[PDB]
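Student: Pasting a structure below so you can have a look.
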Amino acid sequence: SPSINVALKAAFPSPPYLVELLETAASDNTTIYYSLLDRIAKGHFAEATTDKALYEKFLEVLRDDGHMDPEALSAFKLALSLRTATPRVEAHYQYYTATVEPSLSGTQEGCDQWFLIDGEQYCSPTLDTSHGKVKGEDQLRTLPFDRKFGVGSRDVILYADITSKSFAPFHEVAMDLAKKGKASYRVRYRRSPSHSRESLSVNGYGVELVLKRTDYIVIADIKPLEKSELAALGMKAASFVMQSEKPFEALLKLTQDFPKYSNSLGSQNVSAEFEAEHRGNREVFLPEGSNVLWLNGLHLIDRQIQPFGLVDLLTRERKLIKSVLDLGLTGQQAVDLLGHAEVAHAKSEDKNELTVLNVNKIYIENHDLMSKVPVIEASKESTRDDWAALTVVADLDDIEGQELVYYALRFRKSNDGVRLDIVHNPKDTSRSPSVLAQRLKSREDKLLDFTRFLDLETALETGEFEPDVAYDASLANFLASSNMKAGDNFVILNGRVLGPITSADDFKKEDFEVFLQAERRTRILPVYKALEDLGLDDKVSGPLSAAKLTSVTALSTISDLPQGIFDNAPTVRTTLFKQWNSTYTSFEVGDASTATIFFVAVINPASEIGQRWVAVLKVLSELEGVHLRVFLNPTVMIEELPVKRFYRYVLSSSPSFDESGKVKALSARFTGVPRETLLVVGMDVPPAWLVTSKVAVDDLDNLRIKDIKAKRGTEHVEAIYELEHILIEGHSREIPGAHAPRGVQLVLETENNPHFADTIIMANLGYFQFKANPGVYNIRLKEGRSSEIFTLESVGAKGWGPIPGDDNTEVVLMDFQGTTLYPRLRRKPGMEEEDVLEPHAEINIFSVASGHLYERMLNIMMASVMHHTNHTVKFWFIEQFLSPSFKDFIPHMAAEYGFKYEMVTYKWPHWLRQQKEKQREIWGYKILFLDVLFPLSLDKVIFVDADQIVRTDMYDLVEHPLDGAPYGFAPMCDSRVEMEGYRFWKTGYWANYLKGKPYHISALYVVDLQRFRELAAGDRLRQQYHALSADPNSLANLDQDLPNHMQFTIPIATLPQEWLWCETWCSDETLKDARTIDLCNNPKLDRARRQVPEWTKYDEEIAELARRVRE
Ligand SMILES: *[C@@H]1O[C@H](CO)[C@@H](O[C@@H]2O[C@H](CO)[C@@H](O[C@@H]3O[C@H](CO[C@H]4O[C@H](CO)[C@@H](O)[C@H](O)[C@@H]4O)[C@@H](O)[C@H](O[C@H]4O[C@H](CO)[C@@H](O)[C@H](O)[C@@H]4O)[C@@H]3O)[C@H](O)[C@H]2NC(C)=O)[C@H](O)[C@H]1NC(C)=O
Ligand SMILES: *[C@@H]1O[C@H](CO)[C@@H](O)[C@H](O)[C@H]1NC(C)=O
Ligand SMILES: *[C@@H]1O[C@H](CO)[C@@H](O)[C@H](O)[C@H]1NC(C)=O
Ligand SMILES: [Ca+2]
C-alpha cells in the first residue's frame, strides 16, 4: 500500500460550525442572515449537536423559508466545503481582540454578550446596567463584515458568542428596537469559549509530486522510459478515455497518475485513429494541444481556476442567466443568445464610458409605480425592428423637468414604435409625487395632443387628487434601485440609463431621435438578429418584452470589479466552440436543458495544465445544474516527456463530516506510488496564499518510498503544511498623473502594534505586498523620506476608483482571495523630489537550503561563523525552502551558539515570470527580492552559500567600504593555470560584453541594503530578468549571470581573493590565507572531509547536540 499524503491547516483556530453556516448561507444577503439569526436564537438549531446534523438542519430552513432554490443550493454545498466564511469570522475575532478588548474598561462577568450605545456598554437586556465607557477607537465605525438592519438614532452593536443561548434575549430586544424604527442593528462576533483552539483544515489547493529525475527518454516500481514513441502518447491517451466508457473518471485517473500507466499506453489496439479525422475541429479553429476553458461563452484562464474564484463566478453568472430565464428562455438558449457573434461584434490601445439597468427587474418591484405612471404605448401597427421602451424620469415642479417631458412627448408623436413612460421625481416633500402623476394620468389618453408648452403646464394644475401612499412607496424603491436622485431629469431607453439632465437645452426632441438610433444599432438590432438566427424571435412580442432581453445582454458585458482578481472588465462572449464535431474528441456530462452553467473545456491530456483543470472540473460538475463538454485535443509534437509530475486536487463538492459529525479535513493521498522514483513536493495554491511546511519526517525535496520503507518500516508518507499568511497586495499609482511611485516605503499597523510590517513600492506597475491574516489593519507611510514628499490619499480597497468612501487608509482581509488594493498617492504641492536623493546586530548573514545535505552543511556554516567571531551575529532565512526537521532544530542552534534569528519570506509576484524547477526558484530568491525581503531597519546583509566553511571573523566584511556600490562580490580565481580552458568568462561573448569587469561569484556577497534601496537596484534586476527569462538558456545561472551582466549599470565592488577559495580555480597555497571556501561544484560529503579538516568537527558538534536535547 504505497501512499503519500499532504494536508493543509490555517493559521487560526476553527470557528464553530454554527457561525460558519450562518455566514456561508447568507453569503452577503443580510435579509437571509437575520431571518436565520432569529431561528438560531429561537432554538431550532439547538438540537444540532453533531455538526453534520446542524448542516442538515440548515438545508431544511434555507429551502423551507424560501432563501434557496436547488440550483443555488448546490453552490452553497461547495462553498461550505471550501469553508469560505471562516476568514470572515476570524476578522471579527481579531477586531474584538485588538480594538474591542482594550477599549472595554472594567472586568467582564456575565458580559459574554453586550451592546454598545453612545460610548456606553450595557451587559443587560434591561439597558439599566452600564459596565463602562468604551474608550480608545470608536467601534461604531462601518467595517466590511458588518450587517446593518433598520435605521435609527441609536447605534446598537451586539458582540456575541452565539454558541450559548444567553445571546438569544439580547438579539430579540435589539431586533424589536430596529423593527420599531428606533435604532440601526449590526452583529459582530466574540471568540466563542465553547470551541477549542483546534487549527482549521483548509481545501482548494493542489499538490504536485515532481519527478526530479526527468533525464530519462530514448504496482510499478520505477518510471518506465520508452524510445521516440512519445509523439503518439497524447493521442492514444485521449482514445483510452473514449474507449473507457467512464470518461471524465478515466481522464482524472489517467491525468493524476500519468507516470504510473505512462508506458502502458499505445497498447491493446488503443491506436484508435478515429479522432484523427476529428481534427476537422482543428482545421478550422484552435491549435493541437491547447488548453482553453469557457463559461457561458466567456474566456476562462488557468488561474481563474482557484476554487474561490470559481464560486463567485458561478454565483454571478447564475444570477445573470436567471435574469434571462424570467423571459422564457432555456439555459442553452440564454447562453447562445448571450454568446452569439452578433453580440461580440458590438464590442471588438486603451478606451471606455457607460451606465445601464435591467428592464425586467425594475418593472416587477415598482409595480404600483410602473402600472400607474402615464404610459403612452407604441401603436401595435409598428414593426418588431422599431420597438423600444423609453422610460423618462423628471421633476414636474421645475421648468427643466417639465421641458424634457414635453420634448419626449413630441418625440413620441414622430416615432411609432416607442412605448413612452413618465415617472415624476420631485425634490419637495410637500408636493406628493402621486398627485402630479395622477393629474396627467387623467390626461394620459389626451397626451401628446399638446401644441404649445403651456398646455402641459396648465394640465398639471387641473384637477385635485389624494396622495396615493402606495404610489409614493414604489417610487422611492425605484429611485433607490436605479440610483436616481430626487428632482433629477433622466432618459432611459431599453434600460440604458442616461442622465442626470443639467438643463433641458441639452436634451431636445431631435436629441431623443439620435439616442434611439445609437442604442438601436448596438443593443437592439444584434439581439433581433442573433435571436432570429436561433429561432427565438417569438419571445419578443411587445416594446417592453423586447427591452428586457436587450437590457440583460448589455449587462452581461460587465465582468468583475475586480476584488481579488486583476481582470478589470473585458470577457467577450465567443461562440466558435460549436463548429467542432463532438464525435470522438468530445464527451458531455450534465443535462443540456436544466443546466444553468455551461463549461466548455478544451484540454490536452499530455499537458501538466490539464491535470489541474480536470481535477477541479469533476468537482464542479457535481453541482445540480452544471453541464460540461470536455474536448481532448492532443499534439503530435512531444520532444521531451510530456508531464513531469504527479497531481491531486484537494476539493469536495459536498461537505465532509466526521463520525462525530464535525467537519472532516480534506487530504491529498497518492496511491500505488513507485518505490524507486525520486520525488519533490510542491504546492498549487491560490494567488493570495503564503504556505510553508509544518511537520514532516521525510525531506520534502529528496524522496523515494523504498528508502523510508528502509528507515521507518512503512510505505506511508505523511506531511503537513500551514497557510501561514494571506496577502494584502496592491498596485500603486500617483495622483493625478498616474505614474509608478517607486521607492515609496510603507508601514502596516494595527491598534495592537503600529510597526507590524514594512515593504517598498516596486517599479513594475507599483507592486507591493504584506504577509497578514484576517483582521483590521491600517497603512501609513514609513517614517522618513516617503512621508516627506508623498501623502497617501487612499488605499483603493473598494476598486481602482476613486470611489466615494475608499479614501480610508484602512485595510481588512476577510477572504481566502486576500484584499486587492489600488492605492493612490498625491505629491505635496510644489515639490518634485525623489527618495533616491536626500533634500540591529554586529553581523547580519542570510542563507537558504533545499536538501538534507545542504541542511547538514548549513548547520556547519552557522557553527563556523560563531567559532571565529566574538560578535552579535543574526541569521536570516527563507522559511518555505527548509524542511520542518531543520526548522524544529534551529532554536537549539541559537541557544548553543549564542545567535538570534528572524525568518523572512515573500511571495513571488504574479506579474513576474516564475521558474518551474525548484532550483531556478532558489536562485531567484537570492538575487531578486533583497530590497523587500528584509525590514527597512536592516542596514546590510551578507550571503554565505550554506555548504561553506568560514575561518575568518566576518565583522571585517561588514565594515568593508563598498565605494558607491550597493553590493560587493568575490571574483573568480585565475590562479590555477591547468584549468584555463574552463575560463569561459574571458572569451567571446563574456569578454566583449565585460570590457574589463571581472566575473564575480554568486556564493559569497555583501548587500548594503540602504544603498541597494537608494539606488533601486532590485527593480533593475527584476525588469532585466523579465525579458531575459523568455529564453531560460540565456539565464544559465540567474543568481550569478544577472549581477555580472548588470555590473555595467549597477556597480560591483570587488572583494579580496583571500575571501573566496575553490578547489579548482585557486591554488592550494591560497587556502593558507583563506577566509571562506565554497567547496565548489564540479559529491560534497567527500569533498568536505578532504578540503576542510574542521568540517568533521562541526558535524560532530551538531550530532551530539541533537541527542543532548533528545532527553
Ligand atoms: C435575499 O434574501 C431574501 C430572502 O430570501 C430574498 O427575498 C425574497 O423575495 C421574494 C419576494 O418578496 C420572496 O418570494 C417568495 O416566494 C415564495 C414562493 O416561491 C415558490 O415559487 C415557485 C412556484 O411555482 C416554486 O416552484 C418555488 O420552489 C418557490 O418555493 C412565497 O411562498 C414567499 O412567501 C413567504 O415566504 C417566507 C416563508 O417561507 C416568508 O419569510 C416571507 O416573508 C414570505 O411572506 C415569497 O413570496 C422571498 O421569500 C423573499 N424572502 C424573504 C424571506 O422575504 C432575496 O431575493 C435574496 N436576494 C438574493 C440576491 O439572493
Ligand atoms: C488492430 O491493430 C493492427 C495494428 O495497428 C491493425 O492492423 C488492425 O487492423 C487493428 N484491428 C482492427 C479491427 O482494425
Ligand atoms: C575573543 O575574546 C577573547 C577574550 O577577550 C580573546 O582572548 C580572543 O582572542 C577573542 N577571539 C579572537 C578570535 O580573537
Ligand atoms: Ca556552497
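Student: By count of other Cβ within 10 Å, fewest leading, how are 938, 325 ordered?
Tutor: Neighbour counts put them in this order, fewest first: 325, 938.
Student: Over the Cα atoms of the range 911-982, what radius of gyration and what Dmax do you get, in Å?
Tutor: 16.3, 47
Student: What shape does the range 732-827 take by its C-alpha gyration tensor, where a ≥ b ≥ c are the square roots of the eigenvalues and a/c under 1.5 counts as rounded, a/b above b/c as prolate, and the rest as oblate?
Tutor: Note, shape of the range 732-827 comes out oblate.
Student: Using alpha-carbon positions, what is the distance between the centroids of the range 969-988 and the range 668-696, in Å?
Tutor: Cα centroid of the range 969-988 versus Cα centroid of the range 668-696: 40 Å apart.
Student: Around residue 949, which amide H atoms from residues at least 5 apart in sequence, or from another chain, sit under 5 Å from its own amide H, with H modelled in the peptide plane?
Tutor: Amide H neighbours of residue 949: 1077.
Student: Listed highest first by mean packing, meaning other Cβ atoms within 10 Å per residue, what order do 953-966, 639-652 come in?
Tutor: Top to bottom by mean Cβ count within 10 Å: 639-652, 953-966.
Student: Only bridges whose two residues both fall in the chain count here: according to DSSP, what percent of them are antiparallel, nearest 5?
Tutor: 65
Student: Among bridges DSSP assigns within the range 520-666, what percent are antiparallel (round to 5)? If you can, show how the numbers build up before the last one.
Tutor: Values: 5 of 12 bridges.
That works out to approximately 40 percent antiparallel.
Student: Continuing with this model, one more query. In 5 Å bins starting at zero, report the fraction of Cα pairs in the range 552-628 per bin as a rounded %.
Tutor: Cα pair-distance distribution for the range 552-628, in percent: 3, 12, 15, 18, 26, 17, 7, 2, 0.
Student: In addition: Would you mind checking the pairs 706/916; 347/578; 57/798; 319/529; 771/926 and listing those with alpha carbons more than 28 angstrom apart? Please report the intermediate quantities before stating the final value.
Tutor: On the way: 706/916 26 Å; 347/578 21 Å; 57/798 35 Å; 319/529 25 Å; 771/926 19 Å.
Those over the limit are 57/798.
Student: Can you put 779, 789 in order, fewest other beta carbons within 10 Å first?
Tutor: In increasing order of surrounding Cβ atoms, one gets 789, 779.
Student: Applying 1/(1 + (r/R0)^6) with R0 = 60 Å to the Cβ-Cβ distance of residue 225 and residue 446, what FRET efficiency is obtained, to the nearest 0.05?
Tutor: Rounded to the nearest 0.05, the efficiency is 0.10.
Student: Quick one: Debye curve from the alpha-carbon atoms of the chain only, equal weights, vacuum; give me log10 I(q)/I(0) at q = 0.04, 0.05, 0.08 Å⁻¹ to two decimals.
Tutor: -0.27, -0.42, -1.05
Student: In what sequence do 1066, 111 fall when counting other Cβ within 10 Å, fewest first?
Tutor: If I rank by nearby Cβ atoms, fewest first, I get 111, 1066.
Student: Separation of the range 423-466 and the range 705-737 by C-alpha centroid, Å?
Tutor: 69
Student: Still on this structure: Shape verdict for the range 909-1037, please, from the Cα gyration tensor: rounded (a/c under 1.5), prolate (a/b greater than b/c) or oblate.
Tutor: Because a/c hits 1.5 or more and a/b fails to exceed b/c, the range 909-1037 counts as oblate.
Student: Let me ask something additional. Sort the following peptides by mean Cβ neighbour count (other Cβ atoms within 10 Å, averaged over residues), highest first: 912-925, 233-246, 458-471.
Tutor: Numbers: 912-925: 16.4, 233-246: 20.2, 458-471: 13.0.
Output ranking for 912-925, 233-246, 458-471: 233-246, 912-925, 458-471.
Student: Which distance in Å, rounded to a whole number, links the C-alpha centroids of the range 144-211 and the range 559-622?
Tutor: Distance between centres, Cα-based: 36 Å.
Student: Also: Determine, for each peptide in 592-599, 479-486, 901-908, the mean count of other beta carbons within 10 angstrom over its residues, then list the peptides with the highest first.
Tutor: Order by mean packing, descending: 592-599, 901-908, 479-486.
Student: Would you calculate, for the chain, the mean residue ellipticity at 222 nm contributed by helices, counting each DSSP H stretch of 4 or more residues as -39,500 (n - 2.57) and dividing by all residues, to the nearest 500?
Tutor: Calculated at 222 nm, the ellipticity per residue is -9000 deg cm²/dmol.
Student: Using a cut-off of 13 Å between beta-carbons, work out the net charge of the residues near residue 421 (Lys and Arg +1, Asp and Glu -1, residue 421 not included). Could the numbers behind the result be given before it?
Tutor: On the way: positive: 372, 412, 419, 441; negative: 377, 444.
Here the charged neighbours net out to +2.
Student: Name the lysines eligible as straight-distance cross-link partners of residue 133: C-alpha to C-alpha under 25 Å, and not fewer than 8 places from it in the same chain.
Tutor: Excluding near neighbours in sequence, the set is 148, 182.
Student: What is the ratio of the Cα radius of gyration of the range 359-550 to 2.2 N^0.38 Å, where N is its residue count, to two decimals?
Tutor: Against the compact-globule rule of thumb, the ratio is 1.00.
Virtual Cβ from ideal backbone geometry, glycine too; neighbours counted across all protein chains shown. Computed from the coordinates by the stated procedures, all read-outs in this text should not be read as laboratory data.
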